[PDB]
Structure formats: structure tokens, C-alpha cells
Amino acid sequence: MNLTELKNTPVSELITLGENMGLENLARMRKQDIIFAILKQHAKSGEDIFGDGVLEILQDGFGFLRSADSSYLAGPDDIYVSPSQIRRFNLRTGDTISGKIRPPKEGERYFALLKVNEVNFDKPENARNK
Numbered sequence: 001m002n003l004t005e006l007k008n009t010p011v012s013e014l015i016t017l018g019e020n021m022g023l024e025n026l027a028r029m030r031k032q033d034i035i036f037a038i039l040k041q042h043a044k045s046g047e048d049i050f051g052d053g054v055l056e057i058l059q060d061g062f063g064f065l066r067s068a069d070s071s072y073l074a075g076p077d078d079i080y081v082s083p084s085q086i087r088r089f090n091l092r093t094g095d096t097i098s099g100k101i102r103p104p105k106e107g108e109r110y111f112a113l114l115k116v117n118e119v120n121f122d123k124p125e126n127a128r129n130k
């Protein structure tokens with residue numbers, strides 16, 4: 001579901017949510033990995049999961065979505081964001097965005113943005129040129 005919502009669930013509430021999905025014995029798991037599990041099990045079950053916040057660009061040409069503070073680096077529960085994604089809808093660091101998420105390939109480690117639902121209080125496109 002919404003990653004920020006997952007974090008809104010205390011580690012114990014995240015393990016009880018996994019138990020509801022069959023993931024039991026998570027008491028030994030940290031809120032980070034337990035959320036990643038709720039993403040794999042609610043997705044397997046076919047539920048939708050999405051991320052949201054304010055993007056952060058990286059000199060490397062890719063960036064991550066997350067809260068509004070900075071910290072300079074990313075975070076484990078943040079969101080991965082490719083350039084084609086930023087470039088494709090004309091985004092910017094600090095931009096406000098919301099969307100669905102999906103895992104890339106074995107080189108996943110962080111989930112990646114997948115579909116855009118909202119961006120800079122505007123649609124992911126336009127038609128005036130400037």
C-alpha cells in the first residue's frame with residue numbers, strides 16, 4: 001500500500017499485519033524488512049502498493065522520493081527514481097509527487113517508482129511549451 005502508511009504502523013503493528021497475510025514469527029524482524037515483506041505479500045495477494053513525498057535528485061542522474069527534510073543521502077525505506085522517470089515528466093528535486101511502485105530486477109535492493117499519479121500539483125505532461 002502507501003509506504004508512508006506502512007511506516008505509520010509501529011513495528012509490532014507491521015508484524016501483526018504480516019501475520020494477517022501469513023507472515024508469522026516476524027517479531028525477530030525489523031520494521032524495515034517487515035514492511036518489505038508486507039509489500040511482497042500484499043502484492044502477491046494482488047493489492048496495490050504506492051509511494052509519495054518530495055523527490056531528491058543525485059549528481060549520478062537518478063534520484064529518490066521520500067519525506068521533505070534532506071539528510072543529503074537517501075534512506076532505506078525511501079523510493080528509487082530513474083532519470084527517464086524524472087526526464088519523462090519534467091520533474092525536479094524537491095518536487096511533490098505520488099505514484100505506484102515496482103521492483104526492477106535482481107539489482108533491486110530499493111523499490112523503484114513505476115506509475116505517476118500526481119506531480120507538482122499538475123499532470124505528468126502539458127502542451128504550452130516555454
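Just so you know, the authors' numbering puts 120 at position 120 of the sequence shown, and the rest follows in order with no gaps.
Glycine included, each C-beta is placed from N, C-alpha and C at the ideal position.
- A straight-line Cα-Cα distance of about 19 Å links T96 and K7.
- When DSSP states are grouped into helix, strand and coil, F36 belongs to the helix group.
- The stretch 75 to 84 makes contact with the stretch 47 to 62; the number of CB pairs closer than 8 Å reaches 3 or more.
- Considered as a whole, the stretch 9 to 72 harbours 50 to 54 and 63 to 65 as its complete beta strand (DSSP E) runs of no fewer than 3 residues, in chain order.
- Taking the CA atoms as reference points, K130 sits about 52 Å from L23.
- The bridge partners DSSP lists for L113 are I101.
- Straight across, the Cα-Cα distance linking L26 with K40 is about 14 Å.
- Counting only residues of its own chain and dropping the five nearest sequence neighbours on each side, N120 has a CB closer than 8 Å to the CB of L91, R92, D95, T96 and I97.
- C-alpha of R66 to C-alpha of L55: approximately 6 Å in a straight line.
- Restricting attention to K100, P10 and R109, the CA atom closest to the CA of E47 is found in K100.
- Contact check for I38 against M29 fails: the beta carbons are separated by 8 Å or more.
- Under the DSSP definition of a beta bridge, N126 lacks any partner.
- Assignment of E5 by DSSP, reduced to helix, strand and coil, places it in the helix class.
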